[PDB]
Amino acid sequence: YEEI
Amino acid sequence: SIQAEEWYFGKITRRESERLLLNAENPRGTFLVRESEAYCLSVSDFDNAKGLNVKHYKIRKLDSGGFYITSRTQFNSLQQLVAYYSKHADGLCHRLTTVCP
């Protein structure tokens, strides 16, 4: 999951 | 309810969401919200070394109730979160342009  | 939203796809897998998002008609920024197999936002994006690909973001839920992807902005409903990022990518790979068919 990408961390913004 | 949330199940009346056309961008909400229930509890589907990451593989199914990428299969739905990644066809050749769906524009950059096509998206859906799914339940974690609390919610996940999955968005299509393009870059040259990768092509059209999907990024997945976790939507965290506060014990007091709101939702957020970044602490920078929080929302009282998923509907407001989708509305906001449809107007501004604000750290996301791409603004939310199209509800996944």
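Lettering of chains follows the sequences in order, A, B, ..., and the numbering in each one begins at 1.
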J.: Looking only at non-hydrogen atoms, find the nearest pair between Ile59(B) and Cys40(B) and report the distance.
T.: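 It is CD1-C, 4.0 Å.
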
J.: Should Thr98(B) and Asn26(B) be marked as a side chain to side chain contact (heavy atoms under 4.5 Å, CB included) after you check the CA-CA gap, both sets of side-chain angles, and the distance that decides it?
T.: CA-CA 8 Å; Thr98(B) 305; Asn26(B) 287 348; 5.7 Å; no

J.: Is the backbone N or O of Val82(B) less than 3.5 Å from a side-chain atom of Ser86(B), with the two atoms forming a donor-acceptor pair by type?
T.: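 A pair under 3.5 Å: yes.
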
J.: Given the rule that I, L, V, M, F, W and Y join up when any side-chain heavy atoms are under 4.5 Å apart, are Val43(B) and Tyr68(B) in one cluster?
T.: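 Result: no, two separate clusters.
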
J.: To the nearest 0.5 angstrom, please state how far the CG atom of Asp90(B) sits from the OG1 atom of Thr73(B).
T.: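 One gets 5.0 Å once the value is rounded to the nearest 0.5 Å.
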
J.: To the closest 0.5 Å, what do you measure between SG (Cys93(B)) and CG (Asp45(B))?
T.: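 Answer rounded to 0.5 Å: 4.0 Å.
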
J.: Considering only heavy atoms from C-beta outward, does the side chain of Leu78(B) approach that of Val33(B) to under 4.5 Å?
T.: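 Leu78(B) reaches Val33(B) side chain to side chain.
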
J.: Indicate the atoms forming the closest heavy-atom contact of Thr97(B) with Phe31(B), along with that distance.
T.: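 Nearest heavy atoms, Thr97(B) then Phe31(B): N-CD2, 4.3 Å.
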
J.: Do any N or O atoms from the side chain of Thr70(B) and from the backbone of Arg72(B) form a donor-acceptor pair under 3.5 angstrom?
T.: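 Flag not set: sc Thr70(B) to bb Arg72(B) has no pair under 3.5 Å.
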
J.: Hey, could you give me the CG/CG distance between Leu21(B) and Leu52(B), rounded to the nearest 0.5 Å?
T.: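 Output value for this atom pair is 9.5 Å.
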
J.: Would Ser42(B) and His56(B) count as a side chain to side chain contact (heavy atoms under 4.5 Å, CB included) here? Give the steps.
T.: CA-CA 4 Å; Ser42(B) 296; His56(B) 296 272; 2.7 Å; yes

J.: Are any non-hydrogen side-chain atoms of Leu32(B) and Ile12(B) less than 4.5 angstrom apart?
T.: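 When only atoms from C-beta onward are counted, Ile12(B) and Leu32(B) do touch, with a gap below 4.5 Å.
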
J.: Verify ring-ring contact (aromatic ring centres under 6.0 Å, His included) between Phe75(B) and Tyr84(B), making sure each step is shown before the conclusion.
T.: CA-CA 9 Å; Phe75(B) 306 97; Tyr84(B) 179 87; 5.4 Å; yes

J.: If you look at every heavy atom in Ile69(B) and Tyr57(B), which pair is closest and at what distance?
T.: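 Nearest heavy atoms, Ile69(B) then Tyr57(B): CG2-CB, 4.0 Å.
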
J.: How are the rings of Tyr39(B) and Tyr8(B) set to each other: parallel, tilted or perpendicular (split at 30° and 60°)?
T.: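 Because their plane-to-plane angle is over 60°, the rings of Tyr39(B) and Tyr8(B) count as perpendicular.
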
J.: What is the distance from atom NE2 of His94(B) to atom OG1 of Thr30(B), rounded to the nearest 0.5 Å?
T.: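 Rounded to the nearest 0.5 Å, the NE2-OG1 separation comes out at 9.0 Å.
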
J.: Answer yes or no for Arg14(B) and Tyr1(A): cation-pi contact, defined as NZ/CZ to six-membered ring centre under 6.0 Å and angle to ring axis within 45°.
T.: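 Geometry flag: set, cation within 6.0 Å and 45°.
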
J.: Name all residues meeting the side-chain hydrogen bond (donor to acceptor under 3.5 Å, both in side chains) criterion together with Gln80(B); count only those two or more places apart in sequence or in a different chain, and write none if there are none.
T.: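 Expected list: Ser77(B).
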
J.: Do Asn48(B) and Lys50(B) get their side chains close enough for a donor-acceptor pair, meaning under 3.5 Å?
T.: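 Absent: no donor and acceptor within the cut-off.
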
J.: Cationic tip of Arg34(B) within the cone over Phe9(B)'s six-membered ring, i.e. under 6.0 Å and within 45° of the normal?
T.: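 Judged by the rule (NZ or CZ under 6.0 Å from the ring centre, within 45° of its axis), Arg34(B) is not positioned above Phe9(B).
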
J.: If you round to the nearest 0.5 Å, how far is NZ of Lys61(B) from CZ of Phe67(B)?
T.: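 Between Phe67(B) CZ and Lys61(B) NZ, I get 5.0 Å after rounding to 0.5 Å.
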
J.: How many angstroms lie between atom CG of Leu81(B) and atom CG of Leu41(B), to the nearest 0.5 angstrom?
T.: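 It is 7.0 Å, given to the nearest 0.5 Å.
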
J.: Can you tell me if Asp47(B) uses its side chain to pair, donor with acceptor, with the backbone of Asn53(B) under 3.5 Å?
T.: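 Flag not set: sc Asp47(B) to bb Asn53(B) has no pair under 3.5 Å.
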
J.: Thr13(B) side chain to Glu37(B) main-chain N or O, any donor-acceptor pair under 3.5 Å?
T.: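 Pair absent, no side-chain N/O of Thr13(B) close to backbone of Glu37(B).
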
J.: Using every non-hydrogen atom in the two residues, find where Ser36(B) and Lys11(B) come nearest and quote the distance to one decimal.
T.: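 That would be O-NZ, 4.3 Å.
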
